[PDB]
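When reading the values below, keep in mind they use all heavy atoms of this one structure, side chains included, and skip hydrogens, waters and symmetry mates. Heads up: numbering here begins at 1 and tracks the sequence.
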Amino acid sequence: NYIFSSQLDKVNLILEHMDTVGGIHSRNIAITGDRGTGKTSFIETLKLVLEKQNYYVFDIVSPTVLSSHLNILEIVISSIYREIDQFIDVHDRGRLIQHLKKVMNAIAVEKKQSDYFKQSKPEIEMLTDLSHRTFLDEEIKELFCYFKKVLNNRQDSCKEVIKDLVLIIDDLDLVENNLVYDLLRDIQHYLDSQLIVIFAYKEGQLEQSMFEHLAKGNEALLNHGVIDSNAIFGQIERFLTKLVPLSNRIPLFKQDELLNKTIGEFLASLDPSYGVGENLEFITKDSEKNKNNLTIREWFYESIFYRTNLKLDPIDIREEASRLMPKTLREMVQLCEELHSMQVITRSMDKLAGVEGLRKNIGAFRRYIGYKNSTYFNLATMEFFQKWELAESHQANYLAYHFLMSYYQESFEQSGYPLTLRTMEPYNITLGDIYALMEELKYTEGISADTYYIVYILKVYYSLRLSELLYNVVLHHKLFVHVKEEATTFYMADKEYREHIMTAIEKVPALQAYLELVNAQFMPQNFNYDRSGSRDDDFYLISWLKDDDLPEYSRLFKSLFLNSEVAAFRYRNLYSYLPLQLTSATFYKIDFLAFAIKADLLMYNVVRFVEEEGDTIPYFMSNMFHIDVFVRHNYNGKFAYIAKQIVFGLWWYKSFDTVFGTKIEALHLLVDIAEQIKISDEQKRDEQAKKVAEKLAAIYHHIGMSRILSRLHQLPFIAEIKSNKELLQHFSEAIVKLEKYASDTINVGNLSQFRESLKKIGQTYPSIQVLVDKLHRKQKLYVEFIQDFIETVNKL
């Protein structure tokens, strides 16, 4: 099943067509494409085919032969002389030798070698030598005729007469540019209508080589505007049309049909028994579980997976990932060589020992990517990726953001929040802003093409680094088994807990590096989880007033959605992926997908993954294309449904496959917590995930400002404190705190009821009588009175 069979048949048809005509006609063939590599190269194989058809084939003219600086005529006559000297005719050999001498004279005359160009006093008979060059066509024709006669005379048992002489010039794809031009002319002048010349070049090399010469031949025409590139290109066009008829040129095997075929066909092209098994490892015997009909295009990704545990096929096809897979058959073979086993990770054994080899395969694939990704890179991107590598573990995000912003600027001259982070700390970038900026650049009214592939390669590099760091962390899983246990105790129902988490982090530098890469957010901090309108009014903000009033399971609603401790001012982390200690009456923003990247939850998941061996695998943030899937998810009482999607709904989606498990959990402890809810009050997993979403939604609604200020309704206020919800929350807290130490049930039906209650309290405590007196004639609640109330109750 030879794979260039069609091209060979077409060659034979061309040879057939020309064999009928025997009147000294111009006949040449031009092979183009990827005719090379291991043992089925079209050129040697074609030479052999021609040999057994009674075509005499000159030894192939390689770049080694062309580097001799001898013209093709010299090479041909040297080959003829060697062939006739191999054996020892008489009648025809002498004539062959005479014609060889005549051709050598013609060559010398063309070189201005003969005595004609070096003698003061020319003689008549040297004019014969000049004739040898002015009639070189006839001399060459006689030479080849007699060479064919001599070759026919050495055939034993009268096998058959030789049809024609064939000259093949292989590996012309890259021969010192202009040199091939010198070849072309030599073929035009001496071997055009003499032999069957097979060129074996690529694409439009001939046209470019001709243009390189004609352009310096047409300086003054081009600069004075007499002609343009079109005239020179037309000249080259018709010259090449006459030299090689377009019915005589044969292309083969570019990248299109290379990527379209099946991996099985290519492996058969190497050997009939080679194949790929169901683990994407190269097999030999039969398997019968093999998958050989996947096509090279997606076999590439499916086989990067099972070796790096990374699904690198992008959802957006704008990203030009196909710039990696193969480009030629040689690159395909070399990819198979680099990527044949690399200790492929299978679906057997206990799913524990495949981590150590996985990071190694990650490194090998990074090397392969660097080798592939070295052509279109010019200076800024080699620089950027190099610095990004040796950016420790935390400056990488800053460098990536500024590099992507450099790309953004290159199209702005011809506001947005993701574009407002240049005067931003490296510890205030996170990974969600990187993805957000890459999306915004993917949707910018500007440049395209190279920028998309730059984004894709940056995503691939980030995924490789994240997976490598995650696997290094997993290797050192023992060092923090205890914290898992503690985490169980900690939010199964404080400050030592945070202290322990930080100590455990310090002992695994890789865990530091991973948490610093994904600082606190791999999702954009702009993302709309409700695709109904805009983003929100006040949906993603909470208060978190006081510990004594937090509901049950509130620690869960601090590490699942609440990755920052700030009011929502220059040298500030703003993210603090560590367990957070929040202050009273402060607005905090919510991020639904922060659970996987919190230190304690991440280490819980790592220990669960290493220790437990069932069928689920905890979700790990090791691939940014997971973020691609996340931004595509629907996510749509409202808060409960979004929370359930985070816990259960999310678990396109084939990028979550993982080489270690069938499904993916989010955080197994949420299951156990759900169990306790059952005590306090696929279907089972759905029901538990609901319980957790309902409990989280109850917590969310409790810590909402609408509930916190619910008791301050019916109380008049001045029209400036309504926009000061923090002070109002403090005032509510002070009201409760005052009525809990005196047990008087402060009425808040109106200012009159509040005043009666305050005097009732002040009948005993002198400090409340002051507030009573300063609230005598007031029609509404004023800022100073509220502040004084806060102070008095605080020191009460």
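Rounded to the nearest 0.5 Å, atoms CG (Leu578) and OG (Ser559) are 12.0 Å apart. Here the straight-line distance linking atom CH2 of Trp544 with atom CD1 of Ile699 works out to 8.0 Å at 0.5 Å rounding. Within the model, atoms CG of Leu602 and CZ of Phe480 stand 7.5 Å from one another, a figure rounded to the nearest 0.5 Å. Here the OG1-CG distance, from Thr792 to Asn794, works out to 9.0 Å after rounding to the nearest 0.5 Å. Here the OH atom belonging to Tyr553 is positioned 6.0 Å from the CD1 atom belonging to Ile673, to the nearest 0.5 angstrom. With rounding to the nearest 0.5 angstrom, the CE atom of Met705 is 3.0 Å from the OG atom of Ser543.
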Assess the residue pair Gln521 and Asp591 against the criterion (side chain to side chain donor-acceptor pair (under 3.5 Å)); give the C-alpha distance rounded to whole Å, side-chain angles, the decisive distance to 0.1 Å, and a yes or no.
CA-CA 8 Å; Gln521 208 175 347; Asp591 173 47; 3.3 Å; yes

Take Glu485 and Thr489 through the test side chain to side chain donor-acceptor pair (under 3.5 Å) and record every step on the way to the result.
CA-CA 6 Å; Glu485 194 348 314; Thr489 309; 3.1 Å; yes

What's the verdict on salt bridge (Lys or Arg N to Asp or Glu O under 4.0 Å) for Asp530 and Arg535, showing C-alpha distance, side-chain angles and the deciding distance?
CA-CA 7 Å; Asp530 160 69; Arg535 170 173 152 85; over 6 Å; no

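Heavy-atom minimum distance, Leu715 versus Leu751: CD2-N, 4.0 Å. Contact between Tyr604 and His668 at its shortest, heavy atoms only, is OH-ND1, 3.8 Å. Across all non-hydrogen atoms, the minimal contact from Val566 to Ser564 is CG2-OG, 3.4 Å. Nearest heavy-atom pair across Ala666 and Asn605 is O-ND2, 3.2 Å. When all heavy atoms are compared, the tightest approach of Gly661 to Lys351 is N-NZ, 4.0 Å. Residues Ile505 and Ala599 come closest through the heavy atom pair CD1-CB, 3.5 Å.
With a 6.0 Å radius and a threshold of 12 heavy atoms from other residues, nucleotides or ligands, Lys774 has its NZ atom above the threshold. Within a 6.0 Å radius of NZ in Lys737, more than 12 heavy atoms belonging to other residues, nucleotides or ligands are found. Atom NZ of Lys678 has more than 12 heavy atoms from other residues, nucleotides or ligands within 6.0 Å. No more than 12 heavy atoms of other residues, nucleotides or ligands shown are found within 6.0 angstrom of CG on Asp547. Residue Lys760 places its NZ atom among 12 or fewer non-hydrogen atoms of other residues, nucleotides or ligands, all under 6.0 Å distant. Residue-environment remark: CD (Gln409) exceeds the threshold of 12 foreign heavy atoms within 6.0 Å. Taking a 6.0 Å sphere around CD of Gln581, one finds it holds more than 12 heavy atoms contributed by other residues, nucleotides or ligands. Around the NZ atom of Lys507, the shell of radius 6.0 Å holds more than 12 heavy atoms that belong to other residues, nucleotides or ligands.
A donor-acceptor pair under 3.5 Å links the side-chain atoms of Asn623 to the main chain of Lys311, judged by distance alone. A donor-acceptor contact shorter than 3.5 Å is absent between the side chain of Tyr635 and the backbone of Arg531. With hydrogens and angles disregarded, a donor-acceptor distance shorter than 3.5 Å links the side chain of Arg707 to the backbone of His702. Side chain of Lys558 to main chain of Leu580: a donor-acceptor pair is present (N/O by atom type, distance under 3.5 Å, no hydrogens or angles). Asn634 contributes a side-chain N or O that, together with a main-chain N or O of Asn636, makes up a donor-acceptor pair within less than 3.5 Å. Side chain of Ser655 to backbone of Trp652: a donor-acceptor contact under 3.5 angstrom is found. Using a distance-only test at 3.5 Å, with no hydrogens or angles considered, a donor-acceptor pair links the side chain of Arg755 to the main chain of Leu775. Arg359 contributes no side-chain N or O that, together with a main-chain N or O of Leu469, makes up a donor-acceptor pair within less than 3.5 Å. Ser554 places no side-chain N or O within donor-acceptor distance of the main-chain N or O of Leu550, the cut-off being under 3.5 Å. Proximity of a side-chain donor or acceptor of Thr420 to a complementary backbone N or O of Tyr417 within less than 3.5 Å is detected.
Geometrically, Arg685 does not engage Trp651 in a cation-pi contact, judged by NZ or CZ lying under 6.0 Å from the ring centre and within 45° of the ring axis.
Counting heavy atoms from C-beta outward, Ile786 and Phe717 have side chains that approach closer than 4.5 Å. In this structure, the side chains of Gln787 and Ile790 stay at 4.5 Å or more apart for every pair of heavy atoms. For the pair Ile542/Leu562, a side-chain contact is recorded, criterion being any heavy-atom separation below 4.5 Å from C-beta on. Between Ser584 and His730 there is a side-chain heavy-atom pair separated by less than 4.5 Å. Counting heavy atoms from C-beta on, the side chains of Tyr401 and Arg422 come closer than 4.5 Å. Using a 4.5 Å heavy-atom threshold, the side chains of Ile708 and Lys725 count as separate. Residues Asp686 and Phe648 form a side-chain contact, since some pair of their non-hydrogen atoms from C-beta on lies under 4.5 Å apart. Looking only at side-chain heavy atoms (C-beta outward), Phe595 and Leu556 stay at 4.5 Å or farther from each other.
Using cut-offs of 30° and 60° for the angle between ring planes, the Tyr407 and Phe403 rings count as perpendicular. Between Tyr741 and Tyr765, the two ring planes are tilted [angle within 30° to 60°].
Under the 4.0 Å criterion applied to side-chain N and carboxylate O atoms, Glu565 and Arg498 are not assigned as salt-bridge partners. With salt bridges taken as basic N to acidic carboxylate O contacts below 4.0 Å, one links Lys691 and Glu687.
Checking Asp433 against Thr430 by side-chain atom types alone, a donor-acceptor pair falls below 3.5 Å. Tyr491 and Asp600 share no side-chain donor-acceptor pair at under 3.5 Å.
Exactly one of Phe625, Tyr435, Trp388, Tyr514 qualifies for a ring-ring contact (aromatic ring centres under 6.0 Å, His included) with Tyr462. That residue is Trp388. Partner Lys484 forms a side chain to side chain contact (heavy atoms under 4.5 Å, CB included) with one of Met603, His477, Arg608 and no other, that one being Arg608. If you run ring-ring contact (aromatic ring centres under 6.0 Å, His included) between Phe592 and each of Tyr641, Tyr529, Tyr700, only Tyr529 comes through.
In this structure, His626 has its ring center closer than 6.0 angstrom to the ring center of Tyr619. Not less than 6.0 angstrom separates the ring centroid of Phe522 from the ring centroid of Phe620. Proximity of the aromatic rings of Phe789 and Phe731 is defined here by a centroid distance below 6.0 angstrom, and this criterion is met.
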